[PDB]
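Contents: one structure, followed by commentary.
Protein chains in written order, with the working numbering: chain A, 6 to 119; chain B, 6 to 119; chain C, 17 to 102; chain D, 17 to 102.
Next comes the structure, spelled out in structure tokens:
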């Protein structure tokens, strides 16, 4: 699936901390109209936590991340972002981005201690 | 697939010989409207060689068996038959019957020498 | 896979177009003459359709094109959601 | 299997009813809130349909029931045999 993705920005943080994830798209000057972030914790299905559509810039979030995370897209750089504020231990997971028809990236680990 | 089938009547014959195959249906007082005979020789797909439908008793045959084989059904006994006349070495194969929705039988071997 | 054409029966909720496709693909895979395949189509296609599609096809009468048959049966089965999902 | 709902796109010959079923099943399997699934339906269902179905759905305008959408798109794709096979 031609567009390639690659996440960065994860790491180890203390509860209440912040991270900003980036997802770089390659293989095109453009990114699909819809893009999303998935959270995948061990032993659980991948969970669709935030998505955005180009044009009107409408976004949607899972209730577990409302008021803390923000999805944005920069079509001038081909990067999708996830600003993660007020991190909690339960946010510990691998985070993956996705575009329509793209391949999957390797993801980025977010580990929140307390 | 509930109705069970079981073939008999095969064997070893000389070219020009005759056999009559029988296919006994069990698990019902009735047999499906359409029934067929398949020929399966080693390394080849099963070939649909003769079929019959109840009601009007219409039959159809593969060109390779026309004028030599005859398919008949006896709904008073739940048996499908294949009369095989003027046998040729190329008729050597496993023969299997089939009804709509039935299970497959074990087949009966026909071997024609010369 | 291999499947006998004698066993292809339309599901209770299967669109008639899906059943026609499965019937065609199974009959195409059968190792048989064109004459035998035509007898199978004439004998099994409508006969192995589901009750709702058989009712519609019976009412159409003989000699319909496959397009007329598929258009007549389009509302049977398929997705169960009929309201405004959007 | 798992498949992301972002990747469900109607095939060029896929009946719209088959695409609606695949979209629904994929969205049902997604682990997401109902709110997120509704945004995905509003954003992707018509947008990821094939060109012929998008043309028809655009002409219907907004607020159609899914039954009206599926009836409008019934003639697109599916079996290619249209003549009298029987």
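Built from N, CA and C at the ideal position, the CB exists for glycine as well.
- Query: Taking just the CA atoms, how far does residue 43(C) sit from residue 98(B)?
  - Reply: The alpha-carbon atoms of residue 98(B) and residue 43(C) are separated by roughly 22 Å.
- Message: Quick check: residue 86(A) and residue 15(A), are their CB atoms within less than 8 Å of each other?
- Response: It is not a contact, given that the beta carbons lie outside the stated cut-off.
- Message: Measuring only the C-alpha atoms, how far is residue 107(A) from residue 25(A)?
- Response: Distance between the alpha carbons of residue 107(A) and residue 25(A): 22 Å.
- Message: Given a cut-off of 8 Å on the beta-carbon distance, is the pair residue 31(A) and residue 84(A) in contact?
- Response: No; because the gap between Cβ atoms is not below 8 Å, this pair is not in contact.
- Query: Which same chain residues, not among the five before or five after residue 29(B), have their C-beta less than 6 Å away from its C-beta?
  - Reply: Cβ neighbours of residue 29(B) within its own chain (closer than 6 Å, five residues either side excluded): 11 and 84.
- Message: Which residue marks the beginning of the alpha helix (DSSP H) containing residue 76(C), and which one marks its end?
- Response: Note, residue 76(C): alpha helix (DSSP H), 67-76.
- Item | Candidates 23(B), 37(B), 69(B) and 61(B): closest to residue 52(C) by CA position | If we check each option's Cα against that of residue 52(C), 69(B) comes out closest.
- DSSP three-state assignment for residue 99(B), whether helix, strand or coil: DSSP places residue 99(B) within a strand segment (E or B) once states are collapsed to three.
- Would you mind telling me which residues of chain A sit closer than 9 Å to residue 46(D), beta carbon to beta carbon, in chain order? Correct list: 50, 51, 52 and 53.
- Query: Does the Cβ-Cβ distance between residue 105(B) and residue 37(B) come in under 8 Å?
  - Reply: With respect to residue 37(B), residue 105(B) sits close: the two C-beta atoms are nearer than 8 Å.
- Task: Could you work out which residues of chain A lie near residue 51(D), taking near to mean beta carbons separated by less than 9 Å?
- Result: Neighbours of residue 51(D) on chain A, chain order: 65, 66, 67 and 68.
- Message: Between residue 45(D) and the ligand NAD, is there a pair consisting of the residue's CB and a ligand heavy atom that are separated by less than 7 Å?
- Response: Although the ligand NAD was asked about, the structure shown includes no ligands whatsoever.
- Task: Mind reading off the beta-carbon distance from residue 21(C) to residue 73(C)? Whole number of angstroms is fine, and I expect it under 8 Å.
- Result: Contact between residue 21(C) and residue 73(C) does not hold, since their C-beta atoms are separated by about 18 Å, which reaches or exceeds 8 Å.
- Query: Helix or strand or just coil, what does DSSP make of residue 38(D)?
  - Reply: Residue 38(D): helix per DSSP, three-state reduction.
- Message: What does DSSP give as the partner residue(s) for residue 64(B) in the beta ladder?
- Response: Answer is 57(B), bridged to residue 64(B).
- Message: Within 10 Å of its beta-carbon, does residue 7(B) have 16 or more other beta-carbons around it, so buried, or fewer, so exposed?
- Response: Exposed, because fewer than 16 other Cβ atoms sit within 10 Å of the Cβ of residue 7(B).
- So, using beta-carbon positions, are residue 13(B) and residue 113(B) closer together than 8 Å? Cβ distance < 8 Å, so residue 13(B) and residue 113(B) count as in contact.
- Task: Give the residues of chain B in contact with residue 61(C), contact being defined as C-beta atoms less than 8 Å apart.
- Result: Result: empty, since nearest Cβ-Cβ is about 12 Å, beyond 8 Å.
- Decide if residue 53(B) is buried, meaning its Cβ has at least 16 other Cβ atoms within 10 Å, or exposed. Taking every protein chain shown into account, the CB of residue 53(B) has 16 or more other CB atoms within 10 angstroms, so this residue is buried.
- Query: Along chain C, which residues have their Cβ under 8 Å away from the Cβ of residue 99(D)?
  - Reply: In chain order: 81, 82 and 83.
- In chain B, what lies closer than 7 Å to residue 20(C) by C-beta? Within chain B, the residues near residue 20(C) are 103.
- Task: Kindly indicate the opening and closing residues of the alpha helix (DSSP H) around residue 12(B).
- Result: From DSSP, residue 12(B) is part of no alpha helix (DSSP H) but of the beta strand (DSSP E) over 9-13.
- Measuring only between beta-carbons, confirm whether residue 38(B) sits less than 8 Å from chain C. So, interface residue.
- Task: Rank 73(B), 89(B), 88(B) and 9(B) by C-alpha distance to the C-alpha of residue 34(B) and give the top, closest one.
- Result: If we check each option's Cα against that of residue 34(B), 9(B) comes out closest.
- Item | Stretch pair the stretch 64-80 of chain D + the stretch 61-70 of chain C: three plus CB contacts closer than 8 Å | No, they do not touch.
- Looking at residue 39(A) and residue 92(A), is the spacing between their C-beta atoms short of 8 Å? In this structure, residue 39(A) does not lie closer than 8 Å to residue 92(A) by Cβ.
- Query: Taking the alpha carbon of residue 80(C) as the point to measure from, which residue in 82(D), 97(D) and 79(D) has its own alpha carbon closest?
  - Reply: The candidate whose alpha carbon is nearest that of residue 80(C) is 97(D).
- Would you give the residue range spanned by the beta strand (DSSP E) that residue 121(B) belongs to? Nothing about residue 121(B) can be reported from this structure: the residues present for chain B run from 6 to 119 only.
- Per DSSP, which one or two residues make a beta bridge with residue 113(B)? For residue 113(B), the pairing in a beta bridge is given by DSSP as 100(B).
- Anything in chain D within Cβ reach of residue 37(C), meaning under 8 Å, just list it in chain order. Result: 94 and 95.
- Message: Contact defined as beta carbons within less than 8 Å: I believe residue 64(D) pairs with residue 33(D). What is the distance between those atoms, to the nearest angstrom?
- Response: Residue 64(D) to residue 33(D), Cβ: 15 Å. No contact.
- Message: Considering just the uninterrupted stretch of the alpha helix (DSSP H) at residue 82(D), what are its terminal residues?
- Response: 82-89 is the extent of the alpha helix (DSSP H) around residue 82(D).
- Item | Assigned secondary structure, residue 74(B) (DSSP; H/G/I helix, E/B strand, else coil) | Annotated three-state conformation of residue 74(B) is strand, per DSSP.
- Item | Under the three-state DSSP convention, the category residue 27(B) falls into | Three-state result, residue 27(B): strand.
- Following the continuous beta strand (DSSP E) through residue 45(A), name the residue where it begins and the one where it ends. 39-45 is the extent of the beta strand (DSSP E) around residue 45(A).
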